[PDB]
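Notes to accompany the following structure.
Number of protein chains: 2
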Amino acid sequence: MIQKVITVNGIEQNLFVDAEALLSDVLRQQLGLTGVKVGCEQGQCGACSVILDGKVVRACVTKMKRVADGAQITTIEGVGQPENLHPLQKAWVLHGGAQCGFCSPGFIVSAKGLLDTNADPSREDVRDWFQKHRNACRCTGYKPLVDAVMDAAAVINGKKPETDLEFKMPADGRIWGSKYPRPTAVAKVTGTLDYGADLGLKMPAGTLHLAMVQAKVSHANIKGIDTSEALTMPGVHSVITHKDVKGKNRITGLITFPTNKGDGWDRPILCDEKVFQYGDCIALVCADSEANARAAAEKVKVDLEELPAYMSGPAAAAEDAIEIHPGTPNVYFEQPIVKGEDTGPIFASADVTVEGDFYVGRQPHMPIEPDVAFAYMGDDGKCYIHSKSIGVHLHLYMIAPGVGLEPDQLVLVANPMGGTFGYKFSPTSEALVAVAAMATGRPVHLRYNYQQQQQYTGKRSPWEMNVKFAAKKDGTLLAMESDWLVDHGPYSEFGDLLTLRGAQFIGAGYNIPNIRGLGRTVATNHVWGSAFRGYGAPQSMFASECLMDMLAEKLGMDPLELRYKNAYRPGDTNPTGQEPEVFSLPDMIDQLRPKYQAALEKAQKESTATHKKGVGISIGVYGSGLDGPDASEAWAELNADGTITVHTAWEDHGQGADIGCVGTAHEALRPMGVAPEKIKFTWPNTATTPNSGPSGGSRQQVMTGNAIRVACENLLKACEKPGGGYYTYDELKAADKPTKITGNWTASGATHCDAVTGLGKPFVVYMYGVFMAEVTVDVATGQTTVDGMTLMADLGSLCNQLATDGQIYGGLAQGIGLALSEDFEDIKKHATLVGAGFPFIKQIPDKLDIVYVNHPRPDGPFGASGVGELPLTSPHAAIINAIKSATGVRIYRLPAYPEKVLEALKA
Amino acid sequence: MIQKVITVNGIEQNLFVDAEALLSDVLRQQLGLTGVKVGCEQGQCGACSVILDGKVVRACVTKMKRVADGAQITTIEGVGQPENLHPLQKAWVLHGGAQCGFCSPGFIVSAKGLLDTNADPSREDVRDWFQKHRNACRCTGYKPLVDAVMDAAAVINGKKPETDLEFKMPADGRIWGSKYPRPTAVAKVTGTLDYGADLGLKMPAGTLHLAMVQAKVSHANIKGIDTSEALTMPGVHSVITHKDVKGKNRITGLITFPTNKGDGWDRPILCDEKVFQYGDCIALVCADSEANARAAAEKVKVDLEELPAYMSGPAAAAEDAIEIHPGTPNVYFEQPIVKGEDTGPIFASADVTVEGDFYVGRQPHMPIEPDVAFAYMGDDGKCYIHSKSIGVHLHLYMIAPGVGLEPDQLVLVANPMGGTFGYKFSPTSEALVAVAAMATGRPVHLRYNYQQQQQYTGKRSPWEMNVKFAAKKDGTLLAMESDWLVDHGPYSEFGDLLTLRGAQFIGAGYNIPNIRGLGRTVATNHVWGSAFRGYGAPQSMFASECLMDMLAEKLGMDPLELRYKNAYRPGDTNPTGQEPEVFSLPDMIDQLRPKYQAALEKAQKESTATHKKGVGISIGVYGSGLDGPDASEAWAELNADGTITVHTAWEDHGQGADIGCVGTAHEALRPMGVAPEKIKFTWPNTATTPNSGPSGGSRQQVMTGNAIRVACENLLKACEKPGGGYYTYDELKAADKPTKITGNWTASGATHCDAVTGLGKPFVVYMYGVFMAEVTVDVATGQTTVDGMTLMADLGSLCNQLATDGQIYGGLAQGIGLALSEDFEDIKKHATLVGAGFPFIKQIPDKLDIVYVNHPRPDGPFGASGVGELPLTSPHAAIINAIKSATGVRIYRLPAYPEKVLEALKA
Ligand code: PCD
Ligand code: PCD
Ligand SMILES: O=C(O)CCc1ccccc1
Ligand SMILES: O=C(O)CCc1ccccc1
Ligand code: FES
Ligand code: FES
Ligand code: FES
Ligand code: FES
Ligand SMILES: [Cl-]
Ligand SMILES: [Cl-]
Ligand SMILES: [Cl-]
Ligand SMILES: [Cl-]
Ligand SMILES: [Mg+2]
Ligand SMILES: [Mg+2]
Ligand SMILES: [Mg+2]
Ligand SMILES: [Mg+2]
Ligand SMILES: [Mg+2]
Ligand SMILES: [Mg+2]
Ligand SMILES: [Mg+2]
Ligand SMILES: [Mg+2]
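As structure tokens, then:
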């Protein structure tokens with residue numbers, strides 16, 4: 001051990017450390033500076049950036065031996081605090097740079113280091129700095145972050161007053177549609193919002209820390225577990241196995257379709273008889289620390305009989321493949337789509353037909369924060385779980401039978417969380433921590449490392465697709481055929497539903513009167529499927545939007561004009577036979593057209609012999625809602641102090657549940673003149689908030705926003721005075737009148753898609769958009785650079801523009817990754833950010849352009865649709881279409897790795 | 001477990017707690033708010049004061065079940081931080097209220113609660129508030145704290161500007177003699193100075209926490225130790241016993257006198273053969289937490305054979321008493337005093353003689369911070385100990401042979417510490433933590449609780465005394481006889497030296513030409529003796545100053561005038577035959593006289609039938625130095641940045657080592673124009689600071705102040721330019737000239753007292769003072785209230801008046817405790833602050849008056865003497881003399897408990 005006397009955030013610290021200890025651990029654990037966020041633990045994400053003697057360093061890869069006596073360290077806590085915010089912090093708030101907020105401390109500290117060395121950076125200097133310092137963000141697409149740095153720099157430089165970093169209320173006092181900052185932003189930019197790992201450090205000494213004993217093969221029969229050596233190791237309390245599970249030891253898929261061949265009870269909590277994928281949790285070590293638990297987990301010996309593993313859909317779907325779940329066929333679900341007339345004769349007589357085989361793979365969500373959860377037995381006898389769940393009520397019912405609790409004896413709560421992008425539509429750690437809390441009686445905390453985040457959370461499910469179009473010479477679509485095979489890994493939850501998305505979204509955007517297709521879901525031993533932002537549309541619309549460009553090419557037609565010819569107009573129906581609710585695609589195309597023509601001309605002018613430029617288009621469509629007559633509930637409560645609490649379970653991945661609640665409620669409460677800062681939101685909790693439903697399907701703004709609107713309307717009625725005006729809280733309580741008022745809303749017009757035909761009215765609101773990608777391909781290397789992305793977006797009406805702009809930039813950035821670099825195919829190689837192709841800032845162009853073309857929705861609150869998934873529906877199709885424009889090469893199977901593009905260029 | 005969402009220091013906290021957990025633990029451990037200080041753990045000291053929903057509560061006795069959802073908590077961290085100080089914090093700094101600083105957070109938080117309820121308190125309101133909230137201070141005597149509150153209130157009230165709470169540099173730029181604030185004050189008032197328990201919370205996860213397995217009888221032969229059950233308990237690493245000690249397993253007294261009958265090697269590190277007092281450490285449990293170590297220590301079984309214990313000096317000194325240390329007589333040392341002619345014939349022919357039997361007991365130091373230390377093996381192979389040692393070099397040599405290390409393989413460092421008042425002149429925990437670090441190889445931390453602080457740290461040693469005077473009718477002293485028996489408990493360190501103090505200080509102040517006396521030191525089984533501020537003078541001068549009043553009464557003379565007749569004047573010698581160095585007692589008496597006469601008149605006027613007022617006087621004298629030719633060393637270094645570091649081992653109990661260094665160096669550096677904020681001090685460290693010696697014997701200002709002066713003079717010479725002016729650092733390094741310059745100083749005129757006669761010149765500087773106490777006795781109850789204390793003090797020259805005023809107020813307050821309430825006699829009953837008679841604020845009058853009558857010392861730096869022990873030399877004699885004035889009752893045996901006074905009143 002060594003004494004080191006240094007200065008941390010301006011205060012001398014008399015530190016006692018191991019010279020080998022990591023600075024991140026010292027700062028977080030020894031000094032309580034949980035504003036230093038740790039994600040990857042491998043120097044790749046920047047979340048743990050600190051200033052050490054004027055240099056920005058990653059604390060997770062800086063050992064204390066590198067910190068000299070007398071060193072100066074700055075963490076986010078030393079940059080500024082609430083009510084003493086630094087210009088960078090104020091600018092982050094103003095520009096909406098904290099979505100999940102997990103990266104915000106690191107970017108802000110890194111940015112302070114930049115500005116301390118270069119006071120007046122260009123935007124490119126900012127981008128170069130964040131690239132060099134590895135500052136990674138999965139939510140924002142980086143542009144808002146650069147905007148904030150530039151604004152802060154101008155203030156620090158004396159070029160504008162610091163008061164200009166403070167939001168200015170609009171003339172009219174309307175926050176709906178504005179750039180009002182989100183309530184959580186101050187806590188995020190100051191490092192004072194505690195995420196699950198932070199909470200773990202702040203839990204009491206009795207708390208047990210868990211480590212998973214995981215399968216290191218993809219498929220096996222388990223013969224036994226030997227915990228004997230582990231129990232002798234430092235700090236070990238016990239080891240938990242399936243024998244300690246008090247219920248069924250299975251998670252239920254809950255809404256398994258009747259025509260699914262499986263019962264939906266396939267997924268274990270703790271493996272008993274089999275390993276179904278690499279990473280499956282077989283046991284939990286409970287210890288006094290994460291480090292001691294992990295060391296002991298390495299010593300638990302699992303005796304198993306390895307089985308041949310099926311590592312892709314086609315392999316598992318073979319007629320003679322062995323059933324992974326004995327008694328259920330590996331191909332466990334099929335969804336037909338049968339619209340209009342038989343397609344065979346139409347293809348035979350059509351002027352033009354095209355066909356393609358396409359693939360979209362196992363995209364990894366890659367939030368900067370790896371999965372984390374904790375649980376405890378309450379003094380009320382209930383088991384409480386605090387996790388990254390984005391569907392607390394849903395998950396309660398998915399896990400309760402398996403853990404052995406009645407629903408009223410379990411409570412799920414959503415912690416502040418550092419992004420999910422859908423992986424938290426699935427249970428991950430909740431049942432594990434519940435079982436351990438119940439078995440031990442003690443609080444328990446489980447933190448995944450980044451390799452566990454990659455290997456042992458769910459993934460976008462790969463689809464192998466064949467799609468065909470028949471059309472007239474003038475470009476009018478006549479018919480479509482489709483076939484898709486969904487590799488869902490071993491656990492069925494929502495896999496049938498995902499397969500149904502292909503019936504809904506392959507070919508969406510256009511009038512297609514005649515469709516015949518079939519989706520199939522197959523169990524494999526690769527990673528199980530969890531929703532990933534877009535949930536079936538990125539697969540579906542990659543196929544159809546690429547195929548539209550192939551049709552245009554075969555016709556000799558411009559691909560934007562082919563889309564214009566076919567885009568939904570009054571009278572048309574979508575693939576499930578439903579009329580669109582608004583008709584904004586022609587408007588968006590007409591507004592994009594001159595920008596597209598200008599981009600084509602620029603691409604021609606700026607292309608060189610080696611660097612070929614191209615422009616690509618695609619359309620995106622997705623529902624806002626869960627299928628059928630989805631619903632939500634909110635409670636609007638006048639508090640004694642005159643504030644209003646709007647109680648919901650709107651789960652915040654980081655997208656903005658806080659501001660969505662406040663903005664929607666503000667607009668609904670306008671007759672009573674309620675200031676936005678007087679409106680409070682509630683963190684999701686199954687015991688104390690209503691069942692607003694999950695934050696999936698781009699649904700909360702529509703469903704929960706309508707419920708909030710209704711609840712607030714009902715609170716206004718409850719407050720209205722005879723003669724005009726409104727009663728105060730004191731007046732209402734004196735009259736023994738209610739102050740907490742419910743509202744509900746249901747998408748009553750919607751119907752589930754039919755099991756035989758696929759037809760129905762599954763959503764009452766959709767999101768519509770048109771993408772344009774501008775790219776450069778180096779034809780010597782195959783490397784593609786995305787130089788610009790544009791989204792024409794119809795969101796109906798904006799609740800909050802900082803929120804929606806940020807949603808769109810983040811989705812576009814994920815689309816660049818999906819197109820060019822990302823996958824989870826290689827269990828080890830793809831288990832790091834860099835290994836799996838995470839998009840760092842230079843991969844994302846600074847030119848991300850949005851044009852809102854909003855057509856108010858009949859059923860949306862104040863006309864709003866959702867936004868969350870729209871920007872990932874098909875940006876990757878536009879990008880691949882742009883590579884084709886540039887070079888003549890079509891990549892059919894994502895991602896467009898440089899060697900893959902090269903091979904195609906040279907063929 | 002329960003979730004509680006509350007606000008702490010203005011920031012929402014999502015807390016996860018046990019409802020039974022203490023708020024102090026939650027705040028310190030879970031949230032890292034080590035500004036919440038914990039001393040007593042029993043609700044008696046206020047150090048842990050926090051504001052909870054507008055009320056000041058003691059966090060150590062507040063369980064989390066009492067903290068509601070939505071509660072608001074404020075700790076010192078929420079009051080203000082460095083560079084954002086609250087008016088209360090600024091006022092504390094300005095008024096010198098942070099001495100050790102351990103109580104400062106709690107007083108400041110408590111004071112904020114006061115001012116939030118009563119914006120314009122009277123001084124009495126302030127005192128009532130601190131009494132009610134149990135805010136305890138052992139350093140300051142409370143008056144500076146009240147001063148600070150009143151000043152802060154005036155600023156908060158708009159009656160004076162906040163800038164007036166900032167120190168104003170004197171016209172001349174001289175900080176010597178000024179009220180310049182001490183360097184450590186900001187850290188203390190903000191809770192950002194880490195004391196040993198704070199450091200323990202900030203040590204890494206590898207750290208083992210220790211608990212002592214202690215004797216629960218006073219005297220025994222040990223037969224065996226059974227650790228088997230303890231080793232099975234949660235979190236236990238090992239148990240350490242004497243078998244793990246690598247050296248002699250004994251502490252050496254190091255300077256044991258040749259005529260001591262014992263070898264000075266009597267004290268074990270870990271008991272092997274015997275228990276010598278209740279509390280002796282027999283084993284150390286090492287565990288993952290203090291709580292788990294303590295729980296397991298309760299299960300270690302010690303097999304012993306209890307022996308009859310000698311619980312007082314007279315009992316142990318009996319001719320037939322059994323030797324506690326077999327082979328050494330219990331009476332192990334005697335010191336004669338033989339000055340002038342035989343006293344028997346002089347007593348026989350004297351006009352007047354008086355005699356008395358007096359007792360001063362086992363005063364407990366009662367710092368607010370209980371003892372704490374830690375140790376580790378460095379990467380350099382040395383063992384490092386960080387403790388409350390106030391003599392790091394001394395303790396290194398006292399413990400090294402016992403722990404089995406050569407001196408260069410051990411390093412002792414003084415942590416910031418919450419007071420000692422002398423108990424840390426002894427080793428307490430240093431050898432224990434070293435043995436555990438060496439045995440385990442791991443960092444180890446040991447925190448005593450308050451009962452262990454009381455039972456198992458050393459004490460003022462009781463003296464049983466008989467003193468006699470012979471005098472002329474005119475009051476001239478002719479002769480003195482003296483006999484004293486010192487109960488030193490079982491461990492000999494410095495017990496012979498303490499006994500020698502009686503030869504030096506019984507009768508000090510007056511010319512006494514003929515003295516015959518004998519002191520004896522006896523081992524007992526009550527608590528071992530450790531220095532307590534005054535070290536022999538409180539005992540000695542209680543006897544002689546009470547006896548002077550008895551002589552005055554027998555002569556019918558005024559007691560101030562009797563002192564005036566006899567006080568040292570040129571030509572006189574002190575008891576050891578040495579001439580005083582200055583002669584300030586007549587001056588001080590002449591300046592006190594009219595105040596004394598006025599106080600007598602007030603006492604007569606304001607007395608009532610039931611409440612009798614009186615006034616008492618005493619003189620105090622003590623040396624500044626260790627006996628003989630004491631010495632110190634300092635290094636003055638010009639740093640590259642133009643600051644100057646003055647390297648010393650001046651150990652800071654809280655008295656002001658920091659400001660003593662800075663002020664002394666500033667004065668010495670004046671020719672070079674060095675600003676005080678450019679002067680740095682060093683925390684004591686045996687490896688990297690010079691052997692300046694211990695902070696005992698009121699010596700550092702004289703010895704180390706002279707060494708600092710010399711070092712700085714030598715640095716000036718090293719910097720002087722040819723032609724005038726001074727070279728800069730850069731100029732010196734360019735010339736390859738030295739920048740770090742040594743200075744030494746020795747008290748060359750001093751000689752050790754003779755073993756046969758007691759005569760010698762033991763100190764070259766003494767401190768001189770005259771006390772006046774004003775008291776009221778309720779003759780129905782025997783309760784005494786001290787209404788005022790005055791000290792006339794000759795300190796030569798003041799280095800810093802905030803420091804010296806505070807020293808005097810604190811010593812006067814300890815004198816009130818010694819006189820009226822304090823003891824450590826009953827092992828259990830006296831093991832709490834309240835049980836042992838700690839003086840809370842109402843016991844200490846607001847009227848504490850100082851008059852400096854400074855006579856520059858020939859050998860002191862800039863004329864200074866020490867101050868530390870002067871105010872405790874005899875205030876308790878003045879108080880008992882005042883009770884006698886009031887009531888006619890003399891209390892001979894301290895303390896003057898109410899029942900004791902009543903019995904005397906009624907006899
Ligand atoms: N018009 C409009 C719309 C919307 N908004 C906004 O925006 C947001 C969003 O919304 P939405 O769309 O409704 O959604 P939500 O439901 O809330 O959420 C969810 C989503 O969200 C997204 N985004 C995001 N972001 C972030 N940051 N992070 C994340 O993680 C995430 N995730 C993702 C996903 S995947 Mo799934 O689960 O697969 O199905 S679906 C999803 C919010 O804040 C709201 O309020 C506005 O403002 N306006
Ligand atoms: N003239 C003069 C003198 C002095 N000063 C200051 O005052 C202080 C003190 O000093 P001194 O006297 O020199 O002393 P020191 O050595 O430093 O110290 C020690 C002491 O100190 C005291 N005080 C105190 N305070 C407090 N707060 N706390 C404590 O704990 C204490 N302790 C106590 C004791 S006990 Mo022995 O150890 O028994 O012998 S001794 C003693 C310092 O700060 C200094 O600087 C000045 O200013 N001036
Ligand atoms: O409706 C449910 O209960 C879950 C529906 C769902 C699950 C995963 C992605 C989209 C919709
Ligand atoms: O001189 C030493 O080595 C210790 C001298 C001492 C010890 C305890 C109190 C006063 C002086
Ligand atoms: S770079 Fe340190 S946690 Fe990712
Ligand atoms: S805001 Fe950057 S990772 Fe979420
Ligand atoms: S009153 Fe709480 S530590 Fe003393
Ligand atoms: S300053 Fe109050 S206890 Fe030391
Ligand atoms: Cl391909
Ligand atoms: Cl490649
Ligand atoms: Cl008595
Ligand atoms: Cl009593
Ligand atoms: Mg500022
Ligand atoms: Mg038509
Ligand atoms: Mg590959
Ligand atoms: Mg190749
Ligand atoms: Mg202020
Ligand atoms: Mg004379
Ligand atoms: Mg008694
Ligand atoms: Mg009695």
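Protein sequence lines correspond, in order, to chains A and A'. A prime marks a further copy of an entry chain. Residue numbering for the first sequence follows PDB author numbering, starting at 1 and increasing by one per position. Residue numbering for the second sequence follows PDB author numbering, starting at 1 and increasing by one per position. By construction, the Cβ of each residue, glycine as well, lies at the ideal position given by its N, Cα and C atoms.
For residue i, does the three-state DSSP call read helix, strand or coil?
i: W528/A'; result: coil
i: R520/A; result: strand
i: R533/A; result: coil
i: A836/A; result: coil
i: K473/A; result: coil
i: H647/A; result: strand
Is residue i near residue j, with beta carbons less than 8 Å apart?
i: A718/A; j: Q454/A; result: no
i: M548/A'; j: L562/A'; result: yes
i: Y423/A'; j: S530/A'; result: yes
In the DSSP assignment, find the beta strand (DSSP E) that holds residue i and state where it starts and stops.
i: residue 916/A'; result: As displayed, chain A' neither begins before 1 nor continues past 907, which places residue 916/A' out of reach and without an answer.
Indicate whether the contact test is met: 3 or more Cβ pairs, each with one atom in the region 602–618 of chain A and one in the region 687–697 of chain A, closer than 8 Å. no
Contact between the region 102–110 of chain A and the region 33–44 of chain A: three or more CB pairs below 8 Å? Yes: at least three Cβ pairs fall under 8 Å.
Along the region 370–386 of chain A', where does the CB come closer than 9 Å to a CB of chain A? Name the residues. Cβ contacts with chain A come from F374, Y376, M377, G378, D379, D380, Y384 and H386.
With 9 Å as the limit, tell me which residues of the region 7–18 of chain A have their beta carbon closer than that to any beta carbon of chain A'; keep them in chain order. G10, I11, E12, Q13, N14, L15, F16, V17 and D18
Short of 7 Å Cβ to Cβ, which residues in the region 572–594 of chain A' face chain A? From the region 572–594 of chain A', no residue has a Cβ closer than 7 Å to chain A.
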